[PDB]
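Same chain, two versions here, written out as structure tokens and called structure 1 and structure 2.
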Structure 1
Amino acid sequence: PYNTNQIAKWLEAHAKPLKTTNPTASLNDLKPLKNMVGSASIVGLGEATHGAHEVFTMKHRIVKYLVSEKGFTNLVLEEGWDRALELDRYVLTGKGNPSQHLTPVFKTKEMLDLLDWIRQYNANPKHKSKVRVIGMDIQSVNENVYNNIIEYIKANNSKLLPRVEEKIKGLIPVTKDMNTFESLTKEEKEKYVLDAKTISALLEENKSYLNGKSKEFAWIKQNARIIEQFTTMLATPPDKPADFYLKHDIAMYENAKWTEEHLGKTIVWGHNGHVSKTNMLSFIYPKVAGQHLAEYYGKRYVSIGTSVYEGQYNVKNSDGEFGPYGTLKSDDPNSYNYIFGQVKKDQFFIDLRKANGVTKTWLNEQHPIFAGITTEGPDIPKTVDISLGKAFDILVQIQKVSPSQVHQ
């Protein structure tokens, strides 16, 4: 019968102290991460919640470390693939207005500082590599995605445009948002699902007449893949309600995999529930992106999760408004939050894969942990059971958080 008070002492002796959560502070305290990450090709970096300032800034510091010390060149955000096309343009050319395309919950100062740092890093002649910004989410398929396909066909094989031109013209108005598409008739969604399949099929058979062995054709093909991901996910029949979510994270997984496979060492930035190696969002998801990633990459995928203890965070209230209405209550002494919360350090990280004794056993058992869902409601659990040692390879604990600095 292990003693959780002793476990908290073992954690203290093996915890790597984090000096600050300030993005501009020295990266020296992150050095222990070099060997923890090792030669992994893709690292999941989760956020305990989407509404905490310190969580965002600490993740910013890690990206910084991974980019300048471990060769990572791609940041995949839990953001729409279409919206990120504009964020990528911003960090590449400095042109555009980032906050205009960021999802509402991410329209924050921390997010804009992260993007600005990436923009700066990319314009510095001393770095022999640039960081690309990709979006793995598909809550919509705006017109910019369609124009990429239109533009590439017009330029490489304009003769093919007729076969695609208004399949996309009809798809544009119904993919502007999930509500428009799901509010369609069963027969309608299926026709659009076919229109998307056809567009992708068209690019595939005319591969040789479109400079198919190139890296730009790879991009185009993926852009078309996004349309299929969106249409298929929302064409899910009512007799299989769980498939909406299964397909959702299968797509995010595919987009994160596509990035690593075509662009290199990648960083998957998203919620703890989407990068964990086990399903902690089982109350809605049959499987999450992180399980597909671990399943395909094995030791090539490293999963880092963040955890909290005390403080306040932004969350949507009983009226559905996003604000500083979240208050952490790590009252339960059996939860990972309370236990890691007893470590006498403001911030620290640790390699869960290196745990020994009872701590190792305890990490492989199911225990309560703050869920961090963006909405607070009667049917939304505030905590969920999870095996920390199975969900994450590395844990970063931040004892006190405050609300993200959401634009006003």
Structure 2
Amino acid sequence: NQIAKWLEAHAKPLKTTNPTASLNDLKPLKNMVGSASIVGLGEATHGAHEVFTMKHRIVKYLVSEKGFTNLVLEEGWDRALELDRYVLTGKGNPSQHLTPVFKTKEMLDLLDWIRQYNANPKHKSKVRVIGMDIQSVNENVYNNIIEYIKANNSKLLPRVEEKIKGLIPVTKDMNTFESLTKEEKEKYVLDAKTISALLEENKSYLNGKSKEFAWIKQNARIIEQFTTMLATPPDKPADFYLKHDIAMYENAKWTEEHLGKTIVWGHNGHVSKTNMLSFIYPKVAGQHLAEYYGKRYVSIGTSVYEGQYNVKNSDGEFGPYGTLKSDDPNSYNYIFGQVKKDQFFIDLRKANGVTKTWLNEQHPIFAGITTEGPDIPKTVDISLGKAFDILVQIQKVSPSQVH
């Protein structure tokens, strides 16, 4: 209540929320993002048009001005293998590999711009696309391990290809695995390990210290990750969610360490330095990254006020069923909805005073949960100043374009 003036005072305004625009309004970001090695970029909800494009704008600014070259998104590591191929070679059909929810025009736009920047021969440093989610493990990941152990050691093939053969049909999706028994709790878990271990023994015979072998070991790890979270946790879902996000954490951090400066695109919940999804996740990736990189990890979160958006309804259908209702004046959403600006971002770290403690207290915010039902919170408590370094506020939003 008191001073929403400070928020107006330190609010670096955003002229527009359209991908193909000035991009100049984002200059304040240089010294703000500073010299961070990895940058979290979250979205309040997974189905708003303006949130997608505004994040798109920042990837644009961060790739061209701060030299970031990787874009780790909340998509399956495997699916992204076909996404990488596109931004680079232009071959393929992206919408086929994106998760139903992200099959929006905004995602295809974002991927198209990366391919364009990747086309100009002047840009000697290409932007890669990596997925950090592991909700399946398709054959693209397995052939990546096979083809390698044929170019560098066609002799181990009969040993590793035995286990991947028996692995493919049980990792095609989380249901085909969660519905096993000792198969899951044994053979498959340990087999993924025997494959990751095998490549280790013959490291010194597979161009170990090399850049392409590093990449192959990682694909193997994906099979461990998947195999790990599913089937191990029985009556303990908290472990599934926990191992799940330790995995996302692992794959982004892998990206940073081997591919360079990295952008981490995903839900606000997964990139905040604080666990705002406590009701299901014991700890989220953002915390792991922050604990590990320290301040080399900067998290920019997005927040909304008024609008409509896509979300699954109590029945299971995805569509423009969402409707923002920032009634609670104690929520960060109303207080930010007073700032008379269409779009604007503010560095929450440079706050001192009542504003500094208010930001560090705990207030409700739009949780942007994927599914809306009678027993699903639509808001959660969070210490904003402790969750994000930067915050991007967009007043009104509309449903993403899924057609």
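Shifts are known only where both forms have a C-alpha. FYI, numbering is relative to structure 1, first residue = 1. By rigid core we mean the largest C-alpha set that fits within 1.5 Å across both forms.
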> With the two forms aligned on the rigid core, which of the residues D332, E188, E204, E151 moves its CA by 2 Å or more between structures 1 and 2?
Replying inline: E188
> Quick one: CA shift at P378 between structures 1 and 2, core fit, Å?
Replying inline: 1.9
> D82: how big is its Cα shift between structures 1 and 2, in Å, with the core superposed?
Replying inline: 0.1
>> Once both forms are fitted on the core, what is the Cα shift for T236 between structures 1 and 2 in Å?
In response: 2.1
>> Residue runs between structures 1 and 2 with every C-alpha shifted 2 Å or more, at least 3 long, rigid core fitted, in sequence order please.
In response: 5 to 7, 186 to 190, 239 to 241
